[PDB]
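Everything below concerns the one structure shown next.
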Amino acid sequence: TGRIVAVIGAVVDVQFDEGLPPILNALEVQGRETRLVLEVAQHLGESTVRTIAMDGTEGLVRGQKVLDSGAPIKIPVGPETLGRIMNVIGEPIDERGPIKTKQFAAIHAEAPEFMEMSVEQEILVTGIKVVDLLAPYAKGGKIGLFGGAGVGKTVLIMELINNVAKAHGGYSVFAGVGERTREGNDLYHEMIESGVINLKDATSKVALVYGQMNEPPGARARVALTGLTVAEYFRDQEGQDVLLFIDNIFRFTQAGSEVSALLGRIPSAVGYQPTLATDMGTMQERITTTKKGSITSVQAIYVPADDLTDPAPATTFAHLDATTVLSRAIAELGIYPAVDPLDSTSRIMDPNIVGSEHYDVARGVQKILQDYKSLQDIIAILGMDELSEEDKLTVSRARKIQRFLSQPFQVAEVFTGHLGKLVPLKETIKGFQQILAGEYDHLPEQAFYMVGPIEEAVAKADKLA
Amino acid sequence: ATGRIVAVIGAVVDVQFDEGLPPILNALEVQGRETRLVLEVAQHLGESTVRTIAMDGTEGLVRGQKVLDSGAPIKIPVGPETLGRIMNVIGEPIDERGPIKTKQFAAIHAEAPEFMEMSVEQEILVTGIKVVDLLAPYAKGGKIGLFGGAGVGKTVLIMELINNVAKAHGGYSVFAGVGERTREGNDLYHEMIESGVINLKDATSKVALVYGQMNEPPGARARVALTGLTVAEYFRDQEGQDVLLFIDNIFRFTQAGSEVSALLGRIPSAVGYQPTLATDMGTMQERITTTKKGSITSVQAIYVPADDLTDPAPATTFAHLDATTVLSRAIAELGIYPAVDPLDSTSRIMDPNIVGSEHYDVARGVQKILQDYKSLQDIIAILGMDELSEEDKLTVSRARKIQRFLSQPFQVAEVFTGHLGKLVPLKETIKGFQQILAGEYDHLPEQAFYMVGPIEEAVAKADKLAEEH
Amino acid sequence: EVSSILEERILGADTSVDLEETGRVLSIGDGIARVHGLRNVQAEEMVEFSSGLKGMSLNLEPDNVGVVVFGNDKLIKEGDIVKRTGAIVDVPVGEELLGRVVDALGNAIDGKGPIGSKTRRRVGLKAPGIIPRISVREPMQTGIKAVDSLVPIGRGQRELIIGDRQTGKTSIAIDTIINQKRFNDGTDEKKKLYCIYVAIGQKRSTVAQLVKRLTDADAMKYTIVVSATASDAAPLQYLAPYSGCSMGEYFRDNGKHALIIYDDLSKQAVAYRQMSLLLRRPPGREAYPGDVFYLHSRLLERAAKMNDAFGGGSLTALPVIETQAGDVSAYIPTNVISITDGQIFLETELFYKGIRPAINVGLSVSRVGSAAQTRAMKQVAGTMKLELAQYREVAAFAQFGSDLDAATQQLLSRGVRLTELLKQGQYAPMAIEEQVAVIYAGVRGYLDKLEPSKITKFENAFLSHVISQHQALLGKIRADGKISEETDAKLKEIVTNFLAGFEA
Amino acid sequence: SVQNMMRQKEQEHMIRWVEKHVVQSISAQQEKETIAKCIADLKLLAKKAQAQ
Amino acid sequence: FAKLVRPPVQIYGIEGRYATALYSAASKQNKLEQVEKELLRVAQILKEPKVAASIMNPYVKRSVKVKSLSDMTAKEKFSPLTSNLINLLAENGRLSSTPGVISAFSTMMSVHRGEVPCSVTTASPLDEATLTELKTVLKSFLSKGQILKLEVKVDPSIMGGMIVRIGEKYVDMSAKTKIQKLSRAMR
Ligand SMILES: Nc1ncnc2c1ncn2[C@@H]1O[C@H](COP(=O)(O)OP(=O)(O)OP(=O)(O)O)[C@@H](O)[C@H]1O
Ligand SMILES: Nc1ncnc2c1ncn2[C@@H]1O[C@H](COP(=O)(O)OP(=O)(O)O)[C@@H](O)[C@H]1O
Ligand SMILES: [Mg+2]
Ligand SMILES: [Mg+2]
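Chains as they are written, first to last, in my numbering: chain A, 1 to 465; chain B, 466 to 934; chain C, 935 to 1438; chain D, 1439 to 1490; chain E, 1491 to 1677.
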């Protein structure tokens, strides 16, 4: 046991006698109503450790009694965690009874070794036509999701959960790092009304970890570790192809530079911590493709003060492999999903990774979508008919391409009434290889709006008139 | 109860007692000097050791001088006899005319009046300045602020309101000068004898004066403003008269506390001020109020450091002021004097239920044509003046006549100008500006309104320029 | 009978003896006492000195304890006796506070009499979780034609009023208190609203002018005002935001509705920074401590929309934030922006160009969206929001434009006339049924021939007409909630009858 | 507004007389001090039996 | 490292670190009373003008101030573990704070039989029957089998009452019952 000597804010100091616990352990205060977990961070000498709290600190008397677990924070893990909501210490917070499982795991765990990594790049297919063609997803890589509210982001989250559990058979974890309570309640009920979570049986496809915004600054930084332990169970024990959602990554960085300033350390550049490059290192290197399975991560990125070279969105950018941006100017055009095709980049887009068939198809799409972007200004200012006859087809074809990128989702079958289509990879490359050559140009525009493959396009030209 | 001096660093003297500890904010008399040196207690440090701040210099102090205690804070003399006298921080007279002989002594450290001792009524106090009475009217019993940088006219504009307001006023008046040039406390003692406000021969004077200037140690530029509004609290409370109060400067109350701070043991805040910045400011500015026992009009000059109103010392006084008169160097370098910014000055009584609906739609009619003149200058820089249309060649020429008509020749600035002192009444200021807006003076050039009084002299000056062609 | 009530109190007083857990004072300076002893104090526990002041112990250190002082430290000498009370800070709460002026600790400062509240509540409680909440659907009516049209507020949303000095931030939050009088004297129990106003560091004469403004409009019989002024001590401007949510959570816990206004939150982060740097805590950016995000988050997360199993209550929070030179990228203007839902951005340029209230609708958002508007207001304002947004694209062609297309001349013609409908005088809050009629007159096309200077005179003439001569139509949009096909034709000949003979 | 305002003027002037007049009356009651010690300890005899 | 016994007071400072490290070595080997009789005589043999000089005088050396003290503690009475303590205080330059370590050790050894004495501050000293009655009710309050000590102070500022402290308890029956007459005003 130990005793509390000093209570200053959200920093408690504990005095032990014999069993001095190492760093990154977890203590537990005796005599209080709810669990208050302290995490050891420094050995201060004369048998005294420096702990950061994880809940409210008031009501603590100098000289109480504090036990020791002898291990780090251990959470309930398993396959029966699918469809539940937990905080950073594994407790359930939806009043549906205690989670019961066989084994536990610790959140502070080392990276995989050098002889276990994958030696080759490999594309993850998710079914969407705009994602898997122009900005494809590597297996194990980190993905950055630009865009916020009012663009249609929370549908794209709920649909990538559904398609990987269909074409690949791998579940997902959602980790809310310092997220609002009002917006972390609507995502609970939006997933219920779309089937990906289920209150009646064991066909759920996600596990929710919610460390909300009104919690102490030590408890908002470990949530992205608790929500990575669960994602490591479905790779190390079963060998699935897991996904991982963090929303967002800036509230993991910013919650780090408030523990490192409550602990009395000199700040680095503009206000961050000295250790900005290892806390991003000792988290995002556990997200990798081992020999058993993989973990892929889609992360939301908020840039402060529109500065792309601020050290919080500059440390993160060295880890990403592909970025997709949700433009609001395509949402007022009618296209869903509202993914910009020109301002998305991929690192694995390469003739020696995805082959030459994927390459020269997806290269020509972004070139033709630039010529319509340059010719749309002469038409708006000067007029229409002055341009050549070779340019009138590029105006007509690029309005066929940017509507063939639309696709009806399976998560929206109740509302918009259409059928949700999941397109494999070999249909999307075959489709755009024919639109470029003028092979299906005589058909009108609305045959291409909101279809599946290229086969269902010509079956919709017959119903017009 | 005697005590010894154990440390001297700068202006902060440490004093160790043995049997009787005096409380915080007291007065300690250093025995052994030929002059009087008073120490003010600021902190406790344990084992009977206080830490003080010195009112005078600290040269010639030795470790072991026996220090007495007073049992009370700095009690200055106060009463009717202090009128027409200059006095020190601790109450000594420095006019060299003898001792101030009165019956009432009053400490400078006292509380603020409660919530049910406030007054609520509003008025309008007319001055005679055209920019002030039109767009940002002042008020009886209301706190007024004069902003602006260095060298734009804060001391002259506060010299103008002693010229107009203080001689037509019934009750008394107090001038506290805090941290300004010692020359300018002599051009006030010699511009108030020849106007008969200070009288050196009998008992009919109407102005007291309290002076702590910029040659004093920094423990003495932060207790003079508390000594100004202690004499001005006697007239409001123990008597019932209407008091005025002029304070220049008041930025030197904040700055003089940011110098003794780091030796008292405090971590600095933002750009270099003390951590207790907005608490001792708000402890002085809650005694300058209108209660149910009197009324204190108060005009204050506020230095803005290097033309930045986002500095933490001027940008926290805004919560304590009713009427702000922001001066500007971008107007003063045109020749428009007084350089008052019209699109940055406010008041709490610009209200069509208080100033009437005719004054209200004239004030907003002036600011709307000046702000629309600002957005037109961005076009003339690329296009030019002549390529504009004929409809907005007129709203420029109406705006330029409104800029120049606001400038008025002051009275106390005769030695700068040579021009004469004008004083336009309130009913004429509105009627002058209705006629430039409606278009009744489109046949005159711009120069006919520069440095004039009422609108009558704007056409008399127009013909006199014509004949010299 | 003045002698009898004084003799009554002193026999009714309790003079009983107790024990204590005292401890002497080590070093008092600048409002931070160091006390040796007090071996069984909890964190953030209220103690009280020998003179009469009270103190809240923030630092529990090994050899001493750091206790801030609720007053002035000239009454605290070294060697005093610091007794223990034994309880965390608690405020009186209930129905009896309605129509009173209180400080940060629940005492009465208006001098009417003491509070008769029988209950008591802590200030350090937690927010409700994810389960007891439900999505926001009911409208909170402000009464400003630009707020309810383009940036609506639901009953449980947090909306930030951000802007510079002297641009009507206090005035937007002072007619929202006045506008709820029309429901607060009626019969419908689930449409009443209760308002609380917290003043943090303003002068006493300003609060004495604002109570009289709310006394004149008969709106101080359902409003509480919590005043921690500028002269009061540095920790009393820290408790006063948390002493108002504890009075706005008694109405949320008991099935009622509420509203709270923090005026302003940028003077709480300053009164807390002074307490930190005098207790020797490690500084950070702009000398703020490491937990100023944790100071504002656990105050705004207490605003919630409860569900029917817990009562159906609500709490709506409007914080005011003062920027400096319009830079919202500072430290505290970026903490409170990322916590709340949407902002209302009042500029200073539009205030002098004639647009009053000077709400910029280019930068103002609300992320509850259109799900907090009624069915009548939603139908007309959905096109107005699209019409105004097409105008702001082409506002830069107005200064020199006559050689443009007739569609572009039309887009300028509707944008100017929709702007004149949005201007509004002070202390005149409208009704939603009168608001939807004025917008319906403009968005249809019934004003493109009237001169742009007459749009204000036409509106004040038209509103006084339909109150007296068409009262039975503004009871079939108030009670219906939507605007049907029968009312669409009935409103159609009304604005055609008035526009025909108007100019007289 | 005259009958209730002026009542508060003598409500405060009532207590203004008493609290300066108590200390001049109890200063000579040293014969009451010999029972003030003898009544204190019997409450302490009542008090030390509570924890024991 | 090895563990060390905790004192029942646990004071802090640079003088408490040396009164704890001796209490963790003299509670071992059962020598807590032998050091206390030695320490109350080393306080006497330091404050002589031959020996009080040239220990605070900084211009001698460190080592020759040890040798002038290593034989002084060796010849007279002492060769316990406490001779290393004076040898350790002179190495660390902490020989000035030797009355601070000694005065801390007496109260740390007091609490092994002591009671943290009282304070009755009312008036002039009264008769014997009032003193023996309070000394025989406060004996009923300790409940620890320890013979309580007590001090009496004279303070006439309290009108007719008395304040009593028992350790850290502080009952109160004094002139603060006149300050409780704000219920006639604040109500
Ligand atoms: N709708 C309006 N139309 C015209 N004038 C207004 C309007 N609303 C407010 N004002 C005026 O603006 C002035 C200042 O407004 P207000 O005090 O509300 O701004 P503020 O920024 O909240 O003040 P502070 O900077 O002290 O917080 C007041 O004198 C008021 O008369
Ligand atoms: N009536 C006036 N109008 C415009 N400028 C003036 C007037 N009187 C003085 N000034 C200018 O203001 C400058 C500073 O004057 P003063 O008010 O004494 O200094 P400060 O405002 O810096 O205290 C002088 O150089 C003078 O030219
Ligand atoms: Mg000057
Ligand atoms: Mg305001």
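Note that beta-carbon positions come from the ideal geometry of N, C-alpha and C, so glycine has one too.
Within chain C, the residues whose beta carbon sits less than 8 Å from that of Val1661/E are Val951, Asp952, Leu953 and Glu954, listed in sequence order. Scanning its chain for C-beta atoms nearer than 7 Å, with the 5 sequence neighbours on each side dropped, one finds around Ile1576/E the residues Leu1559 and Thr1563, in chain order.
The contact set of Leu1229/C on chain D, defined by CB atoms closer than 8 Å, is empty, because the minimum CB distance reaches about 41 Å. Here the alpha carbon of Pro1062/C sits roughly 14 Å from the alpha carbon of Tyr210/A. Here DSSP, grouped into helix, strand and coil, assigns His574/B to coil. Take the alpha-carbon of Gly1604/E and the one of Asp55/A: they are about 41 Å apart. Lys929/B: member of the alpha helix (DSSP H) spanning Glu922 to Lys929, first to last residue. Against chain E, a Cβ distance below 7 Å from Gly971/C picks out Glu1658. In this structure, the beta-carbon distance from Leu490/B to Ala507/B falls below 9 Å. When distances are taken from the beta-carbon of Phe783/B to the heavy atoms of ligand 1, the shortest one is below 8 Å.
Under the three-state reduction of DSSP, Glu982/C is assigned to strand. Look at the beta carbons and you see the stretch 629 to 649 of chain B touching the stretch 669 to 685 of chain B: at least three pairs across the two are nearer than 8 Å.
Not flagged as an interface residue toward chain E: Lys1319/C, since no C-beta distance is shorter than 9 Å. For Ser1673/E, the C-beta contacts it makes with chain C under 7 Å involve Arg943, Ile944 and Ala947, in order along the chain.
Considering only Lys595/B, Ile627/B and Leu510/B, the residue with the shortest C-alpha distance to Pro890/B is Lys595/B.
In summary, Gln1091/C is buried, with 16 or more beta-carbon neighbours lying within 10 Å of its beta-carbon over all protein chains present. Taken from the Cβ of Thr620/B, at least one heavy atom of ligand 2 lies inside 8 Å. With contact defined as three or more Cβ pairs closer than 8 Å, the stretch 647 to 666 of chain B and the stretch 825 to 836 of chain B are not in contact. Interface residue (Cβ-Cβ distance to chain D less than 9 Å): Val1554/E is not classified as such. For the options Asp707/B, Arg562/B, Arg863/B and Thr692/B, the alpha carbon positioned closest to that of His634/B is the one of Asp707/B. Counting only Cβ-Cβ distances below 9 Å, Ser985/C has no contacts in chain D at all, with the closest Cβ about 17 Å away.
Nearest neighbour of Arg1018/C by Cα position, chosen from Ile1078/C, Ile966/C and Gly957/C, turns out to be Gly957/C. Judged by DSSP in its simplified three-state form, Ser638/B adopts strand.
Taking the Cβ of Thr949/C as the reference point, every heavy atom of ligand 4 lies at 8 Å or farther away. Look at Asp772/B: its beta carbon is at least 8 Å from all of the heavy atoms in ligand 3.
For the options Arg1236/C, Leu1338/C and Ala1205/C, the alpha carbon positioned closest to that of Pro1223/C is the one of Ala1205/C. Approximately 4 Å separates the beta-carbon atoms of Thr323/A and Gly144/A; this is inside 8 Å, confirming the contact. Taking a contact to require three or more Cβ pairs closer than 8 Å, the stretch 1270 to 1290 of chain C and the stretch 1050 to 1067 of chain C do not qualify as touching. Remark: the shortest separation between the CB of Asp843/B and any heavy atom of ligand 3 does not fall under 8 Å. Interface criterion met: the Cβ of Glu1283/C is under 9 Å from a Cβ in chain B.
Checking the 8 Å criterion, the Cβ of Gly613/B is within range of a heavy atom belonging to ligand 2.
Against chain C, the beta carbon of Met213/A has neighbours under 8 Å at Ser1231, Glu1235 and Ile1273, listed in chain order. By the Cβ neighbour-count rule, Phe881/B is exposed, with fewer than 16 other Cβ atoms within 10 Å of its own.
Following the DSSP letters along the chain, one finds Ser1560/E inside the alpha helix (DSSP H) bounded by residues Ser1553 to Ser1560.
Relative to ligand 4, even the nearest heavy atom lies 8 Å or more away from the CB of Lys1201/C.
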